[PDB]
Amino acid sequence: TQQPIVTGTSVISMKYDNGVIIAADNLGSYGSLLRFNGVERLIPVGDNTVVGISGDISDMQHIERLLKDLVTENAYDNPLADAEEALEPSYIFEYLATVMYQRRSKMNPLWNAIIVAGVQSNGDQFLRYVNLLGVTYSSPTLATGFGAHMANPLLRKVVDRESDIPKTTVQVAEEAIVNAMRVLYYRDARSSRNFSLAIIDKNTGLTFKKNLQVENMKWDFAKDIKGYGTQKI
Amino acid sequence: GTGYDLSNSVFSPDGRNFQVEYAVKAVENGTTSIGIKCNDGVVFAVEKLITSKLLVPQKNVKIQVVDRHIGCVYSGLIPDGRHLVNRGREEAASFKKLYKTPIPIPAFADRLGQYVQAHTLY
C-alpha cells in the first residue's frame, strides 16, 4: 500500500468510424504544486496502440518500461514480429490488466487509471480501461478521473451508443475531444493548458500530435462580474 | 593414470580439461556459421542443411537476436545455443533495467563468457 506523489490528471478518449482518439495534458502535479510541465502521458506501443496513463507518475514510468520490454520480448524468435505476430492492442491491454489486478491483490498497487486505445489487425477499434483495482470496462467513450465527470457527458453527446460510431468522423471526434480538453482546463484545478493527442485510424495509421494548446477560450465576461452579491463597482 | 576425461571439472596431468575439448568436437561436427565486422556494423550468416524436401523453406530460423541490437549465431548442439541466448537475453534485460542504456557488446560478451566459463567449474 502506498500513496501517489507526482500525479497526472484526466485521460479522455472515444472511438469514431475508422479508429479511436485519445488525449492527455502534459502535467505532472505534486499535490497542489503544478511541478512538472513536459510530461508525456500517452505511450505509443507499435503503430496500432496508444496507452494513456493517469495517476502516479513514478508508476507510469514503470508501466512504460514494462511496455518497452513487451515489444522487445515479442520480437525474440519471432520472424513475424512486424506482421502476423506483432502486438495487438488487446494483447497489450490484457497484459496490463493482469498486472494491475495482481498488484492490487498483493496490496501494493500501481496507482494509476489506464486507457488502452488502438486498432486490431482486422480493423476493429479497441478501447478499454483498467485501474489500480484491476477493474476493467469498455464504452464508446472513456475518461479517467476528472474527465469522467466532465468529458464523458460531452463525448457521449456525439457517440451515445454503439450505432453512433459509424456515423462519427475523425473531424467531429477530434473536435469533441479538443473541446473537452478546454472544459477540463476551465474546471479542473490540476490541469495544464498543453496536451498531447493521438489518433489511431485503420487507414491512416497512428498520428501522434504533441504540444497542443487550449485555444478559443471565453474570459471576457469576467470583467462584467464584480463583488459577490450587492457590490456595484 | 587415466580417467581424467570422464568428469567435467578435472585437470589432466598436462593441465587440460578433456570434457571441454570433447565439447569442441561437437562444435566442429556442426554446420558452419560466420561473422564479418564492417565499417559500421556486423554481418552474420549460417549454413542450413536441407535434410529433406519436407523442411519448410525459410522457416527454421537459426540466427537469434538479443535485446534489439545484438545478433547471435552458433555451431554445434542447437539446443545448447538457445540456452545460451536465453541467458544472454536475461543478462541484457537485467543490465538495461539497472543502467537504462542497452548493454554494450563488450559487456554482453563477458556476460556470456563468465556464464560459459562457469560450466567448466563443476
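Note on numbering: residues are counted from 1 along each chain in the order of its written sequence, which can differ from the entry, and residues with no coordinates are hidden. The naming scheme follows written order: chains are lettered A onward, ligands numbered 1 onward. Part of a larger assembly is what these chains represent; accordingly, every value refers to the shown part. Side-chain descriptors were evaluated using all non-hydrogen atoms of the structure, hydrogens and water having been removed beforehand.

Structure determination for this PDB entry is given in the record as X-ray crystallography, at a resolution of 2.50 Å.

Looking at the PDB entry, chain B carries the name Proteasome component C1, with the source organism given as Saccharomyces cerevisiae. This structure appears in the PDB under the title "Crystal structure of the yeast 20S proteasome in complex with Salinosporamide derivatives: irreversible inhibitor ligand".

The name given to chain A in the PDB entry is Proteasome component PRE4, and the organism recorded there is Saccharomyces cerevisiae.

A. The arrangement of the packing of helix 3 (residues 146-155) of chain A against helix 4 (residues 170-187) of chain A in detail. Residues and elements named next belong to chain A. Put simply, helix 3 and helix 4 touch, their axes get as near as 9 Å, and they point 140 degrees apart. The pairing of helix 3 with helix 4 is recorded here as oblique in orientation. Once helix 3 is placed against helix 4, the crossing between them reads as right-handed. On helix 4, the residues that touch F146, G147, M150, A151, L154 and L155 of helix 3 are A176, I177, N179, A180, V183, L184 and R187. The convention used is that axes are lines fitted to C-alpha atoms, helices contributing only their stretch in contact, and that angles between N-to-C directions extend from 0 to 180 degrees. Helix and strand assignments follow DSSP, with helices taken as H or I runs no shorter than four residues and strands as E runs no shorter than two, numbered in order from the N terminus. Under this scheme an angle from 65 to 115 degrees is roughly perpendicular, one under 35 degrees roughly parallel, and one over 145 degrees roughly antiparallel; angles in between are oblique. By convention, the crossing between two helices is left-handed when the near helix turns anticlockwise from the far helix through less than a right angle, and right-handed when the turn is clockwise. Residue contacts follow a heavy-atom distance rule, with two residues in contact if any of their heavy atoms lie within 4.5 Å.

B. Inspection of a nonpolar patch on the surface at higher detail. Candidate patch residues must exceed 30% relative accessible area and have no salt bridge, after which like charges are joined if within 9 Å and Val, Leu, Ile, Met, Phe, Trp or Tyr side chains if within 5 Å. Throughout, the Shrake-Rupley method with a 1.4 Å probe supplies accessible areas, and for residues the shown protein chains are the sole cover considered. By definition, a salt bridge exists where a carboxyl oxygen of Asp or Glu is found within 4 Å of a side-chain nitrogen of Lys or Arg. Residues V42, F44, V61 and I63 of chain B make up a contiguous nonpolar surface patch of roughly 320 Å² in combined accessible area. Summarising the element assignment, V42 of chain B is placed in strand 2 (residues 41-46).

C. Quick peek at the packing of aromatic side chains. Only centres within 6.5 Å qualify two rings of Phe, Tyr or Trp (six-membered ring in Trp) as a pair; their planes then separate them into stacked at under 30 degrees, edge-to-face at over 60, and tilted for everything else. Inspection of every chain in the model, using the stated rule, returns 5 aromatic pairs over all chains. Ring centres of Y129 of chain A and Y137 of chain A lie 4.3 Å apart, and the angle between their planes is 10 degrees; this geometry places the pair in the stacked category. Each residue gets one of three labels from its accessible area relative to the maximum for its type: buried under 20%, exposed over 50%, partly exposed in between, using a 1.4 Å probe on protein chains only. According to the relative accessible area criterion, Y129 of chain A is buried, its value standing at 8%. Centroid distance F95 of chain B to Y99 of chain B: 4.7 Å. Interplanar angle 65 degrees. Geometry classified as edge-to-face. Within this pair, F95 of chain B and its partner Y99 of chain B are both found in helix 2 (residues 78-99), separated by 4 residues, close to a single helical turn. Residue classification places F95 of chain B among the buried residues on the basis of a relative accessible area of 12%. For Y99 of chain B, a relative accessible area of 46% corresponds to the partly exposed category.

D. Layout of the interface of chain B and chain A. Taken residue by residue, the interface counts 8 residues in chain B and 6 residues in chain A. Once two parts are put together, the accessible area they lose, assessed with a 1.4 Å probe and summed over both, is termed the buried area. Of the roughly 710 Å² buried at the junction of chain B and chain A (both faces included), carbon and sulfur atoms supply 48%. Looking only at chain B, the three residues that lose the most surface to chain A are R68, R89 and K97 of chain B, adding up to 57% of its buried area. Across the chain B-chain A interface, the total number found is 2 salt bridges. Linking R89 of chain B and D77 of chain A is a salt bridge whose minimum nitrogen-to-oxygen distance equals 2.7 Å. Within the residue set of the side of chain B that touches chain A, elements represented by two or more residues are strand 3 (64-66) and helix 2 of chain B. A class-by-class count of the residues in the side of chain B that touches chain A yields 2 nonpolar, 1 polar and 5 charged. Throughout this entry, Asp, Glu, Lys and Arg are counted as charged residues, while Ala, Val, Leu, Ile, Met, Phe, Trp, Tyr, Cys and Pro are counted as nonpolar. The remaining residues, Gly among them, count as polar.

E. Spotlight on the sheet that holds strand 11 (residues 141-143) of chain A. Residues and elements named next belong to chain A. An order of 11-2-3-12-13 is seen for the 5 strands of this open sheet, with the pairing classed as antiparallel. Among the strands making up the open sheet, the edge pair consists of strand 11 and strand 13 (205-213). Between one strand axis and the next, the sheet turns by 15 degrees as a mean value, whatever way the strands run. Pairing of strand 12 (residues 194-201) with strand 13, which is carried by 7 bridges, proceeds in the antiparallel orientation. Its bridge partner being in strand 13, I200 is matched across the sheet by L206. Those strands touched by helix 3 are strand 2 (12-16) and strand 11, and its axis lies near 160 degrees from that of strand 11. Here helix 4 sits on the sheet and contacts strand 2, strand 3 (19-25), strand 12 and strand 13; the angle it forms with strand 2, its principal contact strand, is near 165 degrees. Think of it this way: DSSP has to see at least two bridges between two strands before they count as a pair.

F. Molecular detail of helix 2 (residues 89-105) of chain A. Residues and elements named next belong to chain A. The span you would expect from a helix comes to 1.5 Å times its residue count less one. For helix 2, which comprises 17 residues, the first-to-last C-alpha distance of 24 Å matches the rise-based estimate of 24 Å (1.5 Å per residue) to within 8%. All of the buried residues along helix 2 are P89, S90, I92, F93, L96, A97, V99 and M100. Residues of helix 2 that are buried make contact with strand 7 (49-56), helix 1 (57-75), strand 8 (112-119), strand 9 (125-131) and strand 10 (136-137). Phi for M107, located one or two positions after helix 2, is positive at around 60 degrees.

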